[PDB]
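Fold and geometry: a report
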Amino acid sequence: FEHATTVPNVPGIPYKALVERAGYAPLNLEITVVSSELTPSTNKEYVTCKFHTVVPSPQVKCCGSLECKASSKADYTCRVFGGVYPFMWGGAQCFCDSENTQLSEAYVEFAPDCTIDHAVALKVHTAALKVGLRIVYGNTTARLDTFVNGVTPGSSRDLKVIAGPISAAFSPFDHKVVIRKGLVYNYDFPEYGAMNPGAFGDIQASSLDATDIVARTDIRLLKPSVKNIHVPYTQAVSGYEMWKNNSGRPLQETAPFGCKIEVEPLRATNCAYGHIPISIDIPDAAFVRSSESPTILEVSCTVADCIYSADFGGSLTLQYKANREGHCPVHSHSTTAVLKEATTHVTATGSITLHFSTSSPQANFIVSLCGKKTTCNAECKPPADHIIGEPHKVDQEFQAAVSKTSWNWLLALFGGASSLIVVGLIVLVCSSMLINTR
Amino acid sequence: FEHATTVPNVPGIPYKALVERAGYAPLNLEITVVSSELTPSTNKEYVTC
Ligand SMILES: *[C@@H]1O[C@H](CO)[C@@H](O)[C@H](O)[C@H]1NC(C)=O
């Protein structure tokens, strides 16, 4: 049989339900969302890391001429200079009365440390959510893991179970992101082929070990200015360390709902938000006919004591009369309250307690023992402790915090002035006629 | 758990109380003031004889 139900997106929050079929005892169904797995689609754009300038041996043409030539190396620079003043420990490298000239050039390349200090700029889209569900029926536990989509049931025992789509779409990830040393940072990285000195991603490459590179970081050559042969180079500070210094806090400290983000899939997990509708198919053989089910008689409830606690602290008791030994389930069709155990033994005239929780102080509702129903009411008090991180609000508040006494007072407050005005008008018209008599 | 109660100053007078907690049986609490000890601060002034 197939049953439909909506569940909150949250871990460690079992949800209990029942299936009604004529001649079959209502079957307890427990559903647990073990964890969440939001995996988006992303594409590798480029990589960046601290670089190193190249300072190759300059070219010296003595007492003659020469011309500059470009080079395919990324961020390359070249420039000639006449009237050079070459000196070295060995002395004047060559000789002519200041006629000689020298060509200098430089370029950049990623340093060896980059191999492990690389930071990759990622473009992401189409967040996809994966949900793992564990379902208990007839004290039998089955499992499945399915994409949140409502069109691809998973495989578990060759059982087709579907979930979603989500009520709302949530994704902490933004279109542009960066990954560095296992830390993910939300930032609008410059597009590939865009070089801006003193900025993130100044050096860009298709792959870490790509021979072809493109970069621009405003390198300007300086004229020789000293005795010896030297190439003074002026360049802006590397942008990688710049972004490192003031990169801001990591996404791990900014993700809403406490998403637990992992890097190797670049995906979130254990993050709770939204609702999920699901349809569960259960084999008919799993069901049990009511003929063999225990029969109960003259059952009654009693709230020994309840507390309006965030955690599961509510208690209840039931007393029953029966004729057959065995087990029956227990349920509460009121969403405001949730039980703890789904089934229990049954005796001829036994009475058993129950643990439960509620989201309202007016503990009035209907609970079913085995197949039969029964009303049960009480009032609950706020707790002394008022800060706890354990599961809370298994059912969200439904403006039911208002008390029965509050309803009685509000009813006694509003007055029936409409009846007063109606009676006044009626007597007024009657008197008007009586005086039209004259 | 913490509970507040007022007791008379007197020996050999047990006082009984209960603590109410949801889902917990009320726990009997007996309190006895075995004795009193009023100790003041004093300073030696001098001696005579
Ligand atoms: C499940 O509950 C039924 C109901 O009494 C019982 O007969 C059966 O033995 C239970 N299964 C297990 C594995 O305990």
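The deposited coordinates, according to the entry record, derive from cryo-EM at 4.74 Å resolution.

**What to know about the overall build of chain A**
What chain A contains, in helices and strands, is four helices and 27 strands. Scaling as 2.2 N^0.38, a compact globule of 438 residues should have a C-alpha radius of gyration of about 22 Å, whereas chain A reaches 39 Å, well beyond that. Its C-alpha atoms give chain A principal-axis dimensions of roughly 130 × 85 × 45 Å. Among the 438 residues that make up chain A, the fraction classed as buried is 36%. Of all intrachain contacts in chain A linking residues separated by at least 6 positions in sequence, the fraction that spans at least 24 positions is 67%. When the accessible surface of chain A is split by element, carbon and sulfur atoms take 59% of a total near 25900 Å². Between the centroid of the 35 positive side chains of chain A and the centroid of its 39 negative side chains there is a distance of 3 Å.

**Side note on the pairing of strand β26 (residues 362-369) of chain A**
The side chains of a regular strand alternate, first on one face of the sheet and then on the other. Residues and elements named next belong to chain A. Counted residue by residue, β26 has six buried out of eight residues, so it is predominantly covered. Bridge analysis of strand β22 (residues 326-332) against β26 gives three bridges, and the strand direction is antiparallel. Bridge assignment links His 331 to a residue of β26, and that residue is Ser 368. As defined by bridge partners, β26 adjoins strand β27 (residues 372-379) across eight bridges and the pair is classed as antiparallel.

**Concerning the pattern of salt bridges**
Residues and elements named next belong to chain A. In total, this model carries seven salt bridges over all chains according to the counting rule given. One salt bridge in this structure joins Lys 50 and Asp 113, with 3.0 Å as the shortest N-O distance. Of this pair, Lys 50 sits in the loop between β3 (24-48) and β4 (51-54) while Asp 113 sits in the loop between β7 (101-110) and α1 (114-117); the two residues are 63 residues apart in sequence, bridging distant segments of the chain. Its relative accessible area of 35% is what places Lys 50 among the partly exposed residues. Of the charged contacts in the structure, one is a salt bridge between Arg 180 and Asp 117, with a shortest N-O distance of 3.5 Å. Of this pair, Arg 180 sits in strand β11 (residues 176-180) while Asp 117 sits in helix α1, placing them 63 residues apart in sequence. The exposure class assigned to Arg 180 is buried, which follows from its relative accessible area of 19%. Since its relative accessible area comes to 21%, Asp 117 is described here as partly exposed.

**Some details on the sheet that holds strand β10 (residues 162-163) of chain A**
Residues and elements named next belong to chain A. If you walk across this open sheet you meet the three strands as β1-β19-β10, and the pairing is antiparallel. The sheet is open, and its two borders are formed by β1 (2-8) and β10, each paired with just one other strand. Bridge count between β10 and strand β19 (residues 275-281): two bridges; the pairing is antiparallel. When the bridges of β19 are listed, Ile 162 appears paired with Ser 279.

**Looking at the sheet that holds β26(A)**
All names here are of chain A. Taken in spatial order, the four strands line up as β24-β22-β26-β27 in an open sheet, and their pairing is antiparallel. Each of the sheet's edge strands pairs with one partner strand only, and the pair in question is β24 (343-346) and β27. Taken over all neighbouring pairs, the strand axes of this sheet differ in orientation by 30° on average, direction set aside.

**A few points about the environment of A:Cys78**
Residue and element names in this part refer to chain A. Positionally, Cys 78 belongs in strand β6 (residues 77-82). In the structure, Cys 78 is positioned 142 residues away from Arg 220 in sequence and 8.9 Å away in space, judged by C-alpha atoms. Residues contacting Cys 78, with those up to four places away along its chain left out, are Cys 68, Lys 69, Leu 103, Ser 104 and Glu 105.

**So, the packing of aromatic side chains**
Applying the stated criterion to the full structure yields nine aromatic pairs over all chains. An angle of 55° between the planes, with centres 5.6 Å apart, marks the rings of A:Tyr187 and A:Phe200 as tilted. With A:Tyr187 in the loop between β12 (183-186) and β13 (203-204) and A:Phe200 in the loop between β12 and β13, this residue pair connects regions lying 13 residues apart in the sequence. Judged by relative accessible area, A:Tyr187 falls into the partly exposed class, the value being 35%. The class for A:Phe200 is buried, based on a relative accessible area of 5%. Ring centres of A:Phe356 and A:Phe365 lie 5.9 Å apart, and the angle between their planes is 50°; this geometry places the pair in the tilted category. Under the relative-accessibility criterion, A:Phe365 is labelled buried at 5%. When the ring centre of B:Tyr24 is taken as reference, the NZ or CZ atom of B:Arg21 above it lies at 4.1 Å.

Reading guide: rules and limits
- Residues numbered from 1 in each chain as written, not as in the entry; some residues may be left out.
- Chains lettered and ligands numbered in written order.
- Part of a larger assembly, values for the part shown.
- Heavy atoms only, no water.
- Helix = DSSP H or I, 4+ residues; strand = E, 2+ residues; numbered from the N terminus.
- Rg over C-alpha atoms; globule rule 2.2 N^0.38 Å.
- Buried < 20%, exposed > 50% of the residue type's maximum accessible area, 1.4 Å probe, protein only.
- Contact = heavy atoms within 4.5 Å.
- Areas by Shrake-Rupley, 256 points an atom, 1.4 Å probe, with all protein chains shown as cover.
- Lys, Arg positive; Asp, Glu negative; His and termini not counted.
- Charge placed at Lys NZ, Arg CZ, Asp CG, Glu CD.
- Pairing = 2+ DSSP bridges.
- Salt bridge = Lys/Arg side-chain N within 4 Å of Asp/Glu carboxyl O.
- Axes fitted to C-alpha atoms, helices over the stretch in contact; angles between N-to-C directions.
- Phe/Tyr/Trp six-rings, centres within 6.5 Å; stacked < 30°, edge-to-face > 60°.
- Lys NZ or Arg CZ within 6 Å of the ring centre and 35° of its normal.

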